[PDB]
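Student:
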Ligand SMILES: *[C@@H]1O[C@H](CO)[C@@H](O[C@@H]2O[C@H](CO)[C@@H](O[C@@H]3O[C@H](CO[C@H]4O[C@H](CO)[C@@H](O)[C@H](O[C@H]5O[C@H](CO)[C@@H](O)[C@H](O)[C@@H]5O)[C@@H]4O)[C@@H](O)[C@H](O[C@H]4O[C@H](CO)[C@@H](O)[C@H](O)[C@@H]4O)[C@@H]3O)[C@H](O)[C@H]2NC(C)=O)[C@H](O)[C@H]1NC(C)=O
Ligand SMILES: *[C@@H]1O[C@H](CO)[C@@H](O[C@@H]2O[C@H](CO)[C@@H](O[C@@H]3O[C@H](CO[C@H]4O[C@H](CO)[C@@H](O)[C@H](O)[C@@H]4O)[C@@H](O)[C@H](O[C@H]4O[C@H](CO)[C@@H](O)[C@H](O)[C@@H]4O)[C@@H]3O)[C@H](O)[C@H]2NC(C)=O)[C@H](O)[C@H]1NC(C)=O
Ligand SMILES: *[C@@H]1O[C@H](CO)[C@@H](O[C@@H]2O[C@H](CO)[C@@H](O[C@@H]3O[C@H](CO[C@H]4O[C@H](CO)[C@@H](O)[C@H](O)[C@@H]4O)[C@@H](O)[C@H](O)[C@@H]3O)[C@H](O)[C@H]2NC(C)=O)[C@H](O)[C@H]1NC(C)=O
Ligand SMILES: *[C@@H]1O[C@H](CO)[C@@H](O[C@@H]2O[C@H](CO)[C@@H](O)[C@H](O)[C@H]2NC(C)=O)[C@H](O)[C@H]1NC(C)=O
Ligand SMILES: *[C@@H]1O[C@H](CO)[C@@H](O[C@@H]2O[C@H](CO)[C@@H](O)[C@H](O)[C@H]2NC(C)=O)[C@H](O)[C@H]1NC(C)=O
Ligand SMILES: *[C@@H]1O[C@H](CO)[C@@H](O[C@@H]2O[C@H](CO)[C@@H](O)[C@H](O)[C@H]2NC(C)=O)[C@H](O)[C@H]1NC(C)=O
Ligand SMILES: *[C@@H]1O[C@H](CO)[C@@H](O[C@@H]2O[C@H](CO)[C@@H](O)[C@H](O)[C@H]2NC(C)=O)[C@H](O)[C@H]1NC(C)=O
Ligand SMILES: *[C@@H]1O[C@H](CO)[C@@H](O[C@@H]2O[C@H](CO)[C@@H](O)[C@H](O)[C@H]2NC(C)=O)[C@H](O)[C@H]1NC(C)=O
Ligand SMILES: *[C@@H]1O[C@H](CO)[C@@H](O[C@@H]2O[C@H](CO)[C@@H](O)[C@H](O)[C@H]2NC(C)=O)[C@H](O)[C@H]1NC(C)=O
Ligand SMILES: *[C@@H]1O[C@H](CO)[C@@H](O)[C@H](O)[C@H]1NC(C)=O
Ligand SMILES: *[C@@H]1O[C@H](CO)[C@@H](O)[C@H](O)[C@H]1NC(C)=O
Ligand SMILES: *[C@@H]1O[C@H](CO)[C@@H](O)[C@H](O)[C@H]1NC(C)=O
Ligand SMILES: *[C@@H]1O[C@H](CO)[C@@H](O)[C@H](O)[C@H]1NC(C)=O
Ligand SMILES: *[C@@H]1O[C@H](CO)[C@@H](O)[C@H](O)[C@H]1NC(C)=O
Ligand SMILES: *[C@@H]1O[C@H](CO)[C@@H](O)[C@H](O)[C@H]1NC(C)=O
Ligand SMILES: *[C@@H]1O[C@H](CO)[C@@H](O)[C@H](O)[C@H]1NC(C)=O
Ligand SMILES: *[C@@H]1O[C@H](CO)[C@@H](O)[C@H](O)[C@H]1NC(C)=O
Ligand SMILES: *[C@@H]1O[C@H](CO)[C@@H](O)[C@H](O)[C@H]1NC(C)=O
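Residue numbers (the working numbering), protein chains in the order written: chain A, 1 to 128; chain B, 129 to 258; chain C, 259 to 388; chain D, 389 to 518; chain E, 519 to 949; chain F, 950 to 997; chain G, 998 to 1094.
(1) Assuming residue 620 (chain E) contacts residue 643 (chain E) (C-beta within less than 8 Å), just tell me the rounded distance between them.
(2) Got a sec: does ligand 14 put a non-hydrogen atom nearer than 8 Å to the Cβ of residue 470 (chain D)?
(3) Output the distance between the C-alpha atoms of residue 991 (chain F) and residue 603 (chain E), rounded to the nearest integer angstrom.
(4) For residue 974 (chain F), does the count of other Cβ atoms within 10 angstroms reach 16, so buried, or fall short, so exposed?
(5) Starting from the beta carbon of residue 898 (chain E), find every residue of chain G whose beta carbon is closer than 8 Å, and list them in chain order.
(6) In three-state terms, what does DSSP make of residue 163 (chain A)?
(7) Measuring from each Cβ to the nearest heavy atom of ligand 2, keep the ones under 7 Å and list them in chain order.
(8) Under 9 Å between C-beta atoms, does residue 185 (chain B) make it to chain A?
(9) Who are the near neighbours of residue 913 (chain E) in its chain, counting only those whose CB is closer than 8 Å to its CB and skipping five residues on each side?
(10) Say the cut is 8 Å; is the CB of residue 1029 (chain G) nearer than that to a heavy atom of ligand 9?
(11) Are the segment 74-82 of chain A and the segment 96-110 of chain A touching, with three or more C-beta to C-beta distances below 8 Å?
(12) Give a yes or no on whether 9 Å exceeds the smallest Cβ distance from residue 322 (chain C) to chain D.
(13) Going by beta-carbon coordinates alone, are residue 33 (chain A) and residue 51 (chain A) separated by less than 9 Å?
(14) Which of the residues in the segment 558-570 of chain E, read from start to end, lie with their CB under 9 Å from any CB of chain A?
(15) Tell me whether the beta-carbon of residue 375 (chain C) lies closer than 9 Å to the beta-carbon of residue 410 (chain D).
(16) For residue 429 (chain D), decide whether its Cβ has a neighbour in chain C, counting only Cβ atoms nearer than 9 Å.
(17) For ligand 9, I want to know if residue 642 (chain E) counts as a neighbour, meaning its beta carbon is within less than 8 Å of at least one of the ligand's heavy atoms.
(18) Where residue 127 (chain A) and residue 1066 (chain G) are concerned, what is the direct C-alpha to C-alpha distance, given to the nearest angstrom?
(19) Applying the criterion that 16 or more other CB atoms from any shown protein chain within 10 Å of the CB defines a buried residue, is residue 813 (chain E) buried or exposed?
(20) Could you confirm whether any beta carbon from chain D is found closer than 9 Å to the beta carbon of residue 946 (chain E)?
(21) Are the C-beta of residue 906 (chain E) and some C-beta of chain G separated by less than 9 Å?
(22) Which residue wins for smallest C-alpha separation from residue 347 (chain C), given the options C:301, C:264, C:275 and C:263?
(23) From residue 540 (chain E) to residue 171 (chain B), what does the alpha carbon distance come to, in whole angstroms?
(24) Anything with a beta carbon under 5 Å from a heavy atom of ligand 8 counts; list them all in chain order.
(25) How is residue 363 (chain C) classed by DSSP in three states: helix, strand or coil?
(26) State the beta-bridge partners of residue 791 (chain E) as determined by DSSP.
(27) Residue 1030 (chain G) touches chain E at which residues, Cβ-Cβ below 7 Å?
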């Protein structure tokens, strides 16, 4: 029930790396995973990987394990059930094939068989 | 299981905190161990302890839940109280978040549970009248 | 139904007053809301409230009626207690008129209910010994 | 039967003393009948009476034994607690002799009875989820 | 779908509440009467829990501040009333050369109601006032006076505050937690830690240090009329002493009424004072001016000065040392303008006729402590008070006493447990 | 009606010297003595 | 740190007197009215809360660092000098006549 604003649409050239942010609000940042999804011009959508703001644990697709740099800060608690966190995103070997819109995504539940499912999405960040 | 302790799951899901009820059921009354400052003030606190406890046992008794830690009843869940799904409750928000959303309707529910019990032992009263 | 209130059916029939028990079951313990006159006298009254209440719960517990508002037992109705018909009681005299006629035999009945419960869990003790 | 009285079978067998439980179940709370010596000291004793009593009712409630004088459970008898035969206990040693031999393991048993009840209403919670 | 309500008993949910907390112990504070503290202090961590605190709305400090005042009046009831001492005093200076403590004689009552006696005693000038040489005790035209029982202890004992059954105390293990806001790491305790009710002023003594870095509090730091509470992370050692070797004389003033007077001074006559390490106080005053820039600016000047006026109990460092109440001039501690072997000695006075707290109605006579007095304490806190552009001066203050216990009870909060929760699930009862 | 119930087959270890009823009563009489002399006249002027 | 404008406001009984007051810091700003000879009178405090005995014509609004005070209908008694206040500082005044 909160927003997940990201960075702007920074366009670079292949070989370099791009930093993408994801500032949360309106929900406990440490209670839900942060997924990262992109939709490039050449494929459809592809699941990159999520990370736990509580356990600090990572799990990402083998197609992005040796490229993605994925970190999170620590939430600045506003109330008992509200906080403000941040999720970061970086790639390694960049090409024009990775040109697409990128967004972060808050996990679905806190327990069960769909704990990390991307429920609350960001806004989108246009890459190269 | 993990012995989280007293109120250990206050920030955990309602499905995880519901499986550790006898932990907070013990320390709600603690126990046993004459005119001064703390002396009169201790006895005033010892009386208040059993009063708030007997109110929760009296309320549980008139609902047919006397002796239950998890108690199922007849009153159906009104959508006006909380039109939320079953999965977005027991595997999401905590018992602290739940009490704030139900703080309004919590008095209406307490009356629905009372007559739902009186119109159950009265039905069973006729069920054993033959 | 008509919410007559606390003791609303004190002058009504025993059949009508028996269907509104959870009304006087709540206000028997009321609730929650340091050295002066009323201060010591209030704490003396708060203790007496829970003592008379626990006596009625202790008596209900040793009868197998713990948690019941209407409780059926095994002790048969002795005609010496009240040789009145069932229709001339529940649709006639009130609970106040009833207590005066049973004031004598009310102590014998309280003992018959106790051993009728001990010779029931003892029978069930053998019933589950196999 | 013979009305031996309060604690009449304190030196008798555990099988004979187990059939007269409602005798010591009454006088554990006695009953009903302002600033002096005994006045403050009487109120201090009246509060302690209901506290020790509610602890034994709270412990009985979280075991599923709320309302029972003899209560059967699920926890199996560990031979490390007392590797004695059933006939050399109920028709031999008294309840006073029994408490000394079990004084050690009596705290472990009290925890086994609590989770044996929570993992019973939780199982029944799923048993009525359909 | 098929969702009915289901009652849950024993759920982790609480509410903000204020109840009558009871004390536990392991003297005036009657700590022998508290319940014996449990040797096993259970602390349960409340994982995933965030709670909103506020040390300024906190009620444990309002209740304790009355539980100490009600303890003071409770301990002086059976002690001797020094009402016949309110008599015309004939005083001289004690032979020396400043004439401070006097040498007063007076016609005093005896055990027999028809006999008088001409006894003498020493009184510090802070306890007497002239008529027009003739003197009188300071409290006579104000209130009665009760002499402290010389068998009760003025020593702060670790007092543990506990919540009754059904209630709970909420800790806060955040090591940079300022007074208000939401504590991210919260745990629950049955009892608070060992609270030492050290009655102090300006400089908080024997308190609990802070981990990591030194934080300062105050509810609204920009409101100059709010006492700023600074809490050190390292302890600055302060040594105090009354070097005079005093004597105590018992004067029978009735059937069992024995007033204890100051006989004479054996040996030298010197000056009561206190010491701090100037190096430790210089680096600690640096630690305080460090965090003060995070609220006022990285370029503004921070000035330290002494008190601006008021009563004796506030303008000076007032406390207890061996059983006598000092009043230490702290002008030598607050005299540094900050921008970007050692020993500082404070001149302290001594009073026997004090009212304490600030109540107008009763004053206490502290019987003199026999022998030489010296006590070693740590100063762990500080109660400052700022004074129209970009340069902030700071002066010590000690208006309200309950700021002392508040510097120790900021980590706690009282909540009541309501274990009744109603929640839906596909469950119904049979017929 | 002073109810006395016989504990048949019962043997108990006693000790009148460790007994606490005598330590409590001895204080319940001392606390009764001081409690009864509070409103009574103090003979302090008689010390003449 | 308080800039109060205007300094003078010439109006007639029936108009609306609106007086602003810019502040550098953020806090609980208030307003005062001083009729000739009498003592100042508290009108608005904490930004927009109206004082006791003050008619509902007096109203205050806030948007960022700017605090405004407006009188819905001027009478012969509402003519005086008005001051804004935050903490211990005050404005130079605005005499309406
Ligand atoms: C405090 O609040 C936080 C945030 O809500 C809670 O953290 C969340 O807990 C829930 C339930 O405990 C988690 O959901 C589960 O997720 C696991 C996925 O983990 C598996 O895969 C991980 C990545 O591959 C891996 O790290 C795990 O391996 C272990 O090692 C890590 C090392 O860091 C260790 O930290 C882990 O704990 C693991 O033990 C693991 O292999 C998923 O498997 C779960 O599904 C199972 O369980 C459910 C029932 O719970 C069942 O229905 C399924 O069928 C399946 O059997 C479950 O979905 C969630 O991931 C956590 N993190 C979030 C939400 O961000 C924390 O528990 C709270 N603690 C307290 C004390 O309140
Ligand atoms: C506060 O003020 C009080 C006064 O109210 C002081 O108390 C007095 O102190 C003086 C000393 O400063 C005392 O005077 C001394 O008394 C001694 C007792 O002897 C008396 O009794 C014998 C009988 O046995 C008589 O023969 C004798 O004359 C005395 O009457 C004397 O022995 C002392 O004599 C000393 O001085 C003389 C003259 O200088 C010398 O020749 C002697 O050798 C000797 O050195 C002296 O006279 C007086 O008694 C005290 N009064 C009381 C009531 O106790 C306090 O000391 C003072 N306190 C402070 C801190 O200032
Ligand atoms: C801050 O805390 C300090 C320590 O917690 C306090 O210091 C204490 O001050 C009191 C009184 O001022 C002292 O009590 C004195 O005890 C000595 C005798 O003690 C010596 O002998 C015993 C043997 O029985 C030995 O164990 C000691 O270590 C000493 O060697 C007497 O002169 C008196 O009876 C007097 O009561 C404490 O001893 C002293 N503690 C320490 C550790 O120094 C200080 O007072 C506190 N400050 C404030 C303002 O409260
Ligand atoms: C104690 O000593 C002080 C200091 O010498 C005396 O103070 C003097 O008091 C007189 C009053 O008659 C003044 O005229 C002097 O100016 C004071 N001197 C100083 C330096 O302030 C005091 O009077 C002495 N007290 C007694 C009882 O002798
Ligand atoms: C004054 O100084 C320090 C404050 O840290 C205390 O001495 C240390 O106390 C801690 C905690 O008990 C011990 O672990 C250290 O070993 C102590 N240090 C030394 C050198 O002994 C001391 O107790 C404080 N006194 C107070 C607060 O009264
Ligand atoms: C302070 O003065 C007292 C007496 O006024 C001194 O006590 C004496 O101590 C010695 C031991 O060295 C004993 O032999 C004496 O009998 C004591 N005298 C009395 C009257 O009890 C004490 O030593 C002095 N202390 C200091 C530090 O000066
Ligand atoms: C306060 O007093 C204490 C105790 O007298 C001083 O600690 C002593 O310091 C010296 C010099 O370093 C050491 O030799 C002693 O061993 C210390 N005493 C103890 C008991 O450890 C302390 O230095 C004094 N501080 C001030 C500021 O005066
Ligand atoms: C506390 O000490 C300071 C100095 O350390 C005293 O300051 C004196 O103040 C008076 C005026 O009140 C001046 O005439 C003196 O010159 C000052 N002395 C010094 C050394 O600067 C101050 O008076 C002391 N406090 C009290 C209550 O006496
Ligand atoms: C002093 O108190 C004021 C009033 O409560 C605080 O002002 C608020 O500050 C917060 C945080 O920036 C803002 O969100 C509010 O809009 C402010 N309200 C007002 C009326 O100004 C101020 O923050 C406090 N001082 C400090 C240093 O925090
Ligand atoms: C829900 O509650 C409202 C009152 O808040 C009541 O009018 C309505 O009949 C209820 N509906 C159900 C389905 O319980
Ligand atoms: C409960 O009532 C208050 C009345 O002010 C209302 O503001 C609040 O929204 C209600 N609770 C819910 C969950 O709607
Ligand atoms: C009725 O009670 C009397 C004692 O009052 C008893 O002797 C008799 O056996 C009882 N009869 C029945 C049928 O219960
Ligand atoms: C109860 O006993 C009294 C004894 O005096 C008797 O008068 C009364 O009639 C008895 N009650 C009934 C209902 O017979
Ligand atoms: C008996 O108790 C011991 C601990 O005292 C435990 O290790 C063992 O598993 C138990 N065995 C049975 C059969 O209950
Ligand atoms: C209980 O523990 C004590 C420990 O000293 C031991 O001596 C005793 O034998 C134990 N009880 C039994 C029945 O073994
Ligand atoms: C005691 O009383 C007498 C009465 O004559 C008087 O002369 C003397 O000065 C008094 N003592 C004191 C110390 O005032
Ligand atoms: C304490 O911290 C919170 C947020 O971290 C802040 O809002 C509050 O102003 C701080 N307290 C003070 C006195 O500045
Ligand atoms: C504070 O310092 C000034 C300047 O030295 C001095 O005049 C004044 O008396 C001092 N006040 C106190 C209470 O120390």
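Heads up, the beta-carbon is just placed ideally off N, CA and C, and yes, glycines get one too.
Tutor: To lay it out plainly:
(1) About 6 Å separates the beta carbons of residue 620 (chain E) and residue 643 (chain E), which is inside the 8 Å limit, making them a contact pair.
(2) no
(3) 21 Å
(4) It is exposed - the Cβ of residue 974 (chain F) has fewer than 16 other Cβ atoms within 10 Å.
(5) In chain order: nothing, as chain G lies at least about 31 Å away.
(6) Past the edges of chain A, shown from 1 to 128, lies residue 163 (chain A), and the structure says nothing about it.
(7) E:610, E:612, E:613, E:621, E:623, E:638, E:640, E:782 and E:783
(8) no
(9) Beyond the five residues adjoining it in sequence on each side, residue 913 (chain E) comes within less than 8 Å, by CB distance, of 822, 823, 824, 825, 826, 852, 902, 903, 904 and 905 in the same chain, given in chain order.
(10) Result no, Cβ not under 8 Å from ligand 9.
(11) no
(12) yes
(13) Contact check for residue 33 (chain A) against residue 51 (chain A) passes: the beta carbons are separated by less than 9 Å.
(14) 566, 567, 568, 569 and 570
(15) Result yes, Cβ atoms of residue 375 (chain C) and residue 410 (chain D) sit closer than 9 Å.
(16) no
(17) no
(18) 50 Å
(19) exposed
(20) yes
(21) yes
(22) C:275
(23) 9 Å
(24) E:847 and E:849
(25) coil
(26) E:759 and E:865
(27) In chain order: nothing, as chain E lies at least about 24 Å away.
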